[PDB]
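Here the structure comes first, spelled out in structure tokens, and everything after it is commentary.
Number of protein chains: 6
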Amino acid sequence: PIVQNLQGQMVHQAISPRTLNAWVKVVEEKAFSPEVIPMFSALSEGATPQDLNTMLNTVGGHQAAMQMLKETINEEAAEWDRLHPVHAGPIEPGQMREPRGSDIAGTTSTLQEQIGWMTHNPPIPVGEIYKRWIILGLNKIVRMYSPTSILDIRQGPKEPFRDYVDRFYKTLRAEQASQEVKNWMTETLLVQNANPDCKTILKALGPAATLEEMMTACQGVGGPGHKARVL
Amino acid sequence: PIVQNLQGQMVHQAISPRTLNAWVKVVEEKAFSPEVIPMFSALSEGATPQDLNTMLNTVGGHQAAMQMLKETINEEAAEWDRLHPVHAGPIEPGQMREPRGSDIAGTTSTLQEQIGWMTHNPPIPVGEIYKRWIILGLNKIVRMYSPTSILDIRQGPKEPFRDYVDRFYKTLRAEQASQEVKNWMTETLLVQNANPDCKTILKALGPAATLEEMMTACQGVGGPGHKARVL
Amino acid sequence: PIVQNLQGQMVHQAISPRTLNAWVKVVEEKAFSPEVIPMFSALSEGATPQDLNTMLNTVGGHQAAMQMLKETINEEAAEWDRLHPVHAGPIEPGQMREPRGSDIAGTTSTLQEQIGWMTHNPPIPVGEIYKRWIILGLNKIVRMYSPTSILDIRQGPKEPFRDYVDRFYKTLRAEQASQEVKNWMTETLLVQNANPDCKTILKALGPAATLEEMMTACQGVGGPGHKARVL
Amino acid sequence: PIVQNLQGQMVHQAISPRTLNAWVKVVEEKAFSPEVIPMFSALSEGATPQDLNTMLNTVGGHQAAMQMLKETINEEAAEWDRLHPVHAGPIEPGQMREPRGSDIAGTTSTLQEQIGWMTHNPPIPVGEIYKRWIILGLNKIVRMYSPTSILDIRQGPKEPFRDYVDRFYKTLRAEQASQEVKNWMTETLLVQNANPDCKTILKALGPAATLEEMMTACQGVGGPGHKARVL
Amino acid sequence: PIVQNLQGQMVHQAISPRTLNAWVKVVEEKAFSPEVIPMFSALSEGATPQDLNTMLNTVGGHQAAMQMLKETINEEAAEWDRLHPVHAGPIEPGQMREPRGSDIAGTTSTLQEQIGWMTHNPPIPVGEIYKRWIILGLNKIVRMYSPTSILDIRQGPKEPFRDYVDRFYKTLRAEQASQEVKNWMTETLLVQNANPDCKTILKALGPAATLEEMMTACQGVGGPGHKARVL
Amino acid sequence: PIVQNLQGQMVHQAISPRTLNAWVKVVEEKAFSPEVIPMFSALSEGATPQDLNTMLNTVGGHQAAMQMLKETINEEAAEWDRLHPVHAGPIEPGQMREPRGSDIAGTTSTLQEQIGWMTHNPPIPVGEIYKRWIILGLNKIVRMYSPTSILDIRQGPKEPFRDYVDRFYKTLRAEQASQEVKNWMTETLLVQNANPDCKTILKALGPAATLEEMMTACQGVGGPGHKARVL
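Chains as they are written, first to last, in the numbering used here: chain E, 4 to 234; chain V, 4 to 234; chain C, 4 to 234; chain S, 4 to 234; chain Y, 4 to 234; chain G, 4 to 234.
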């Protein structure tokens with residue numbers, strides 16, 4: 004991370020080994036879930052491309068997922084090179100070279116250039132944009148490893164509706180976003196993949212219903228016990 | 004979030020993921036239990052919309068509960084649009100507009116605008132207005148799978164009156180309904196499932212008299228198990 | 004909580020979740036027990052009334068006891084109203100009003116105004132008035148939920164005197180009796196609820212021998228024990 | 004506690020719940036054994052009379068020992084009353100009163116009146132005196148709860164000299180007598196209550212020989228000696 | 004290690020005592036894995052050879068490995084002094100020494116020497132030289148002890164492509180080969196030692212497919228329990 | 004130890020219990036192992052004589068070795084007396100007195116006079132002299148409780164070559180002998196006590212010229228090298 008002087012100078016403070024032990028411990032427990040994506044974003048506040056790459060490299064699991072994350076960095080670097088092409092000819096004193104996607108990604112540049120692109124006029128924000136390409140690859144990991152399909156999830160004979168409904172909404176989060184298919188689930192896939200006793204309630208409430216009535220369904224119906232629950 | 008508060012100026016700082024780690028672990032341990040509301044309201048204090056949205060995004064369970072909450076937010080956002088037309092700010096502090104309900108949720112706003120209204124005088128407090136909306140949907144999530152919990156909870160003579168009354172007031176703690184109805188549950192339902200021996204005394208103490216007095220009687224009844232009267 | 008000495012630095016900072024969680028672990032493990040009360044003063048160091056409420060409401064258990072605490076706050080808050088003709092006459096900006104019992108409970112005064120009393124000249128520490136009110140109530144909560152009663156404490160069948168004196172001072176500190184009776188209790192009560200094998204000795208010695216002379220008599224054997232921890 | 008980081012300036016920082024958690028966990032485990040006495044002096048270095056009490060009352064166990072210290076500190080408070088007058092000449096702004104043994108004990112004094120004496124030019128040693136009365140007071144516990152009769156010490160029948168002298172010093176550390184007496188225990192009882200064959204080699208070597216010569220000796224008596232298993 | 008804060012001079016101070024335990028936690032778990040090199044690399048920023056020496060001195064375990072490291076360090080010290088790469092020297096004769104490899108390993112140079120180079124103008128960065136030899140020889144440790152040869156690798160009998168390419172890019176990750184060399188392997192090797200029916204499909208889709216549409220290929224093909232389990 | 008070295012290197016803080024517990028966990032489990040020496044050194048760089056005493060007298064176990072350390076330090080403070088004929092006051096008006104071995108060892112000197120020398124210009128480094136003498140003792144105890152035993156070890160018939168050279172290289176590190184005596188341990192003693200199938204490789208390629216060849220060579224005797232305990 005960087006340390007800022009009052010007049011905007013940036014001395015690099017290098018990332019703690021203790022700071023990495025704690026980070027890789029969130030990944031030991033949770034992999035690269037929806038939980039770990041905002042935690043990462045926080046942990047990249049003030050970061051250099053080099054801080055961002057040493058963070059990622061310290062992980063030793065998921066090395067195909069970490070490569071697919073890599074192909075996301077590479078293509079967006081390749082989108083960048085055709086977006087903002089480098090100048091040609093000998094530069095003057097007091098002029099500073101524009102980065103290519105390999106210098107934003109900290110491969111071909113020095114650290115000293117990284118932190119100078121941050122103190123530029125106007126600044127070129129290489130750490131902010133490298134963190135933007137990471138989250139798009141961490142979401143690419145998430146979309147790939149979801150093992151559940153929305154059509155295939157269903158409610159069994161002793162399964163309580165709060166457990167069932169929650170995990171189905173938790174599945175939908177890692178599907179492709181789209182209002183249309185989200186609306187469909189509430190009319191079809193939620194309704195019809197119920198257990199038969201809980202399905203009467205869903206059909207009698209049905210597709211129009213207020214969400215507070217809809218998500219709260221089947222209390223006492225089609226679970227274990229007289230109250231259809233483990234709680 | 005902002006730091007060093009009541010100083011006439013504000014400096015913003017980054018939220019720690021160590022703190023974000025601590026957030027999710029209450030939620031992962033006991034879910035949106037009624038104590039997790041004032042805990043959020045405390046960790047909310049100073050927190051900008053971007054932080055509030057990073058804390059909500061961090062939640063990985065409880066996703067059907069996040070749609071109950073989401074339904075509060077877009078419904079209060081729409082209502083602010085319905086009350087208010089947007090207009091420019093004073094030119095000398097650099098206020099170019101007033102926020103919308105979307106600007107409040109961090110959908111259509113950026114950080115220096117969210118801070119910018121927070122630092123201005125008279126103040127416009129985008130995180131605090133959002134806090135009052137977030138805390139309100141949280142309250143919805145307690146009542147969600149539990150309406151009338153104080154009549155659902157089991158009662159008899161099998162545990163001591165102190166054990167029952169302690170689970171009683173936890174169940175009144177979860178309950179929203181006005182204090183006159185929690186006085187009537189405390190006068191009627193609480194006493195009815197007590198022992199005949201002290202039934203006359205507890206009925207005068209009721210909710211009216213101090214709780215500590217209620218512990219003076221029913222001594223000698225015995226711990227967990229079946230009985231019908233007191234020694 | 005408020006940063007350092009009160010006249011000095013004059014700013015407000017948010018409460019960490021480490022500090023909130025550390026306390027919640029202890030009302031859970033150790034429950035309402037004599038050693039809890041001063042940990043609450045190490046914890047509540049620099050707290051406002053709003054902080055003190057955020058603490059008391061994050062615990063998640065013991066709601067009969069929290070009602071006994073909240074009653075205690077309510078008598079003293081009501082008694083402060085009865086005894087004090089508290090001022091409300093016409094008042095100058097910058098000169099601050101006289102606090103009511105409910106402002107001090109933190110329910111009728113905004114946080115700028117709570118820090119405003121704590122940073123006055125001379126500073127008025129509203130939170131410390133509310134911390135002693137909690138502590139005042141805790142002595143009554145701690146006597147009630149005590150597992151040993153003074154009317155029932157005896158030396159065990161082969162239990163050394165030195166161990167039984169350790170329980171009796173643990174129980175006398177739970178006991179909220181006056182000192183004139185407590186000095187009486189050592190003098191009469193303790194020696195009479197020793198074993199008959201010690202009581203021969205204790206009686207011939209009489210009150211002039213010191214407690215360490217009597218805790219040397221009726222011990223277990225010399226040398227180390229058979230457990231791993233200290234004797 | 005007081006902290007210093009710039010020469011000539013004193014500043015307070017609040018006692019941590021985690022500092023207290025560590026304290027009460029090594030008192031639960033090891034009680035007041037010599038391994039705690041310079042750990043406590045290091046824990047209480049900068050500590051105020053307010054903070055020392057905070058450590059003393061956060062302990063939940065070992066109450067006979069704690070009570071034998073409560074007797075000891077107030078005996079010393081009594082003695083400070085004996086050899087110094089009571090302060091009772093009238094005071095004003097810019098005039099401090101001179102501490103009584105109880106102001107030193109923290110038992111009739113507020114943090115401001117304490118930190119005032121302590122940050123003063125030239126400072127009054129109000130935190131160091133109370134610390135001293137606990138360090139003497141722990142040495143006072145340690146001597147009673149010390150289990151081992153050093154007079155009745157003997158070598159194990161298969162035990163090596165190297166574990167025997169190690170046990171010998173470890174035991175001698177908690178014994179009460181002044182060091183000239185410890186020195187003669189070490190000469191006498193270690194030569195006499197070793198195993199018979201050894202007792203002759205120490206006589207040949209000499210009772211007043213150098214500790215290397217004594218540590219080296221007597222190997223293979225009682226079967227083979229042995230060494231640490233880290234290669 | 005040599006650092007500055009916001010003061011402007013490169014100053015030596017000892018590494019944190021806290022860090023030392025972090026570092027022992029990396030050595031203890033991560034030593035045979037690629038995971039030690041981003042950790043170590045993060046540790047060794049600002050490093051003098053004294054600091055670099057203290058890290059390899061700390062490692063108490065694995066001294067077959069550490070001697071192979073010491074032997075790599077001495078072979079590279081020889082090769083480096085033989086080829087003499089361009090770096091800063093003294094401005095004029097006899098001013099200070101120009102280092103041998105023994106001086107770069109810190110064996111024949113003091114810190115007093117090492118500070119005087121590493122702060123010079125132009126600066127002589129002898130730690131970094133030494134650290135790069137350690138980076139290479141520890142990239143090799145992990146290569147030597149890596150349990151899984153990459154050539155000899157296979158896809159398991161009833162194992163899917165999806166979990167096979169996960170341990171291929173991890174097996175690849177501990178390999179020492181050229182970047183053009185490792186790219187030739189993900190397009191020859193990976194596909195070649197796959198199971199016949201998956202191999203023949205991967206042949207038709209393309210060995211130079213992108214990883215994200217490739218990782219789901221061969222799905223349910225390899226036998227009835229593949230079809231059942233979705234592998 | 005001294006704190007805030009970039010600010011001034013003059014202001015102190017007492018030894019931390021966290022620091023002492025990491026020393027007390029070393030002193031139980033690793034006191035006799037060569038790695039004690041750099042971990043101790045890293046911990047106690049910047050320390051006072053008072054700090055250097057307090058780590059050793061904090062130790063509750065191994066009391067003979069604490070006594071062995073006390074002996075070494077007096078034996079060295081005795082040598083300073085015969086080395087230096089030092090005078091009582093200042094030999095030079097306007098400067099400090101010279102330290103004696105007792106002032107160096109921390110018996111005759113206050114924390115103020117200790118940091119008086121270190122902070123005086125030019126400094127006299129009374130704990131850099133002290134810590135050396137505890138390292139002589141840590142070397143002496145590494146021998147005393149834990150000698151090499153290099154004749155006794157050998158490769159058994161089902162025992163691995165790599166793990167046996169990992170033991171020997173640890174044993175050779177712990178060894179304090181001259182280089183030529185250790186050189187024969189590598190070029191003959193290793194070759195003699197190895198299994199005959201590992202002996203051929205030892206005698207062919209020279210252990211004074213290669214070891215990486217012989218980590219890959221000789222993997223029948225102790226069986227296949229990826230099934231080994233260390234991985």
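All C-beta atoms in this analysis are idealised placements derived from N, C-alpha and C, irrespective of residue type, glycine included.
What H123/C touches in chain V, judged by beta-carbon distance under 7 Å, is nothing: the nearest beta carbon there is about 14 Å away. Burial of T22/E is indicated by the presence of at least 16 other C-beta atoms within 10 angstroms of its C-beta. In the structure shown, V62/G falls within a coil segment according to DSSP collapsed to helix, strand and coil. In terms of Cβ geometry, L59/E and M69/E form a close pair [threshold 9 Å]. For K173/G, at least one C-beta of chain S is nearer than 9 Å to its own C-beta.
In this structure, DSSP gives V27/Y a helical state, which the three-state scheme calls helix. When rounded, the separation of the alpha-carbon atoms in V168/G and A67/Y is 6 Å. A distance of 9 Å or more separates the beta carbons of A17/C and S19/S.
One alpha carbon belongs to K206/C, the other to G159/C, and they sit about 19 Å apart.
With respect to the 9 Å criterion, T122/Y and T151/Y are not classified as neighbours on the basis of their beta carbons. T213/Y is not a Cβ neighbour of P41/G, given a cutoff of 9 Å. By the neighbour-count definition (other C-beta atoms within 10 Å, threshold 16), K161/C is an exposed residue. Annotation: the continuous beta strand (DSSP E) that includes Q7/E extends over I5 to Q7. In the structure shown, the three-state DSSP call for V233/Y is coil. With a threshold of 9 Å between beta carbons, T61/S makes no contact with chain G. Judged by DSSP secondary structure, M42/S falls within the alpha helix (DSSP H) whose first and last residues are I40 to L46.
Secondary structure note for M188/S: its alpha helix (DSSP H) is the uninterrupted segment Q182 to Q195. Annotated three-state conformation of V145/Y is helix, per DSSP. In the DSSP assignment, the residues bridged to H15/C are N8/V and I5/C.
With the criterion set as a beta carbon lying under 8 Å from some beta carbon of chain G, the members of the stretch 196 to 218 of chain S are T213, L214, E215 and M218, in sequence order. Taking a Cβ-Cβ threshold of 9 Å, the residues of chain S close to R170/G are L234, in chain order.
When the five nearest sequence neighbours on each side are left out, the beta carbons in the same chain lying within less than 7 Å of the beta carbon of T189/G are those of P210 and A211, in order along the chain. Per DSSP, the continuous alpha helix (DSSP H) segment holding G119/V begins and ends at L114 to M121. Only buried fits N198/E, as 16 or more other CB atoms lie within 10 angstroms of its CB. Spatial neighbours of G223/C in its own chain (CB-CB distance under 6 Å, excluding positions within 5 residues in sequence) are listed in chain order as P163.
Between the stretch 22 to 32 of chain Y and the stretch 81 to 99 of chain Y, the count of C-beta pairs closer than 8 Å stays below three; the two stretches do not touch.
The straight-line gap separating the alpha-carbon atoms of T57/V and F43/E is approximately 10 Å. Straight-line measurement puts the Cα of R165/Y at about 6 Å from the Cα of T219/Y. When rounded, the separation of the alpha-carbon atoms in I76/Y and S112/Y is 16 Å.
Inclusion of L154/V and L193/V in the CB contact set at 9 Å is not warranted, their separation being larger than that value. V129/C counts as buried, since at least 16 other C-beta atoms from the protein chains shown sit within 10 angstroms of its C-beta.
Judged by DSSP secondary structure, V168/V falls within the alpha helix (DSSP H) whose first and last residues are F164 to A177.
No residue range can be given for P210/G, since it is assigned to no alpha helix (DSSP H) and is classified by DSSP as neither H nor E. The Cβ-Cβ distance between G63/S and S36/C falls below 9 Å. Assigned with DSSP and collapsed to three states, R157/E falls in coil, not helix or strand. Contact between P4/Y and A50/Y holds: CB atoms are separated by about 5 Å, below the 8 Å threshold.
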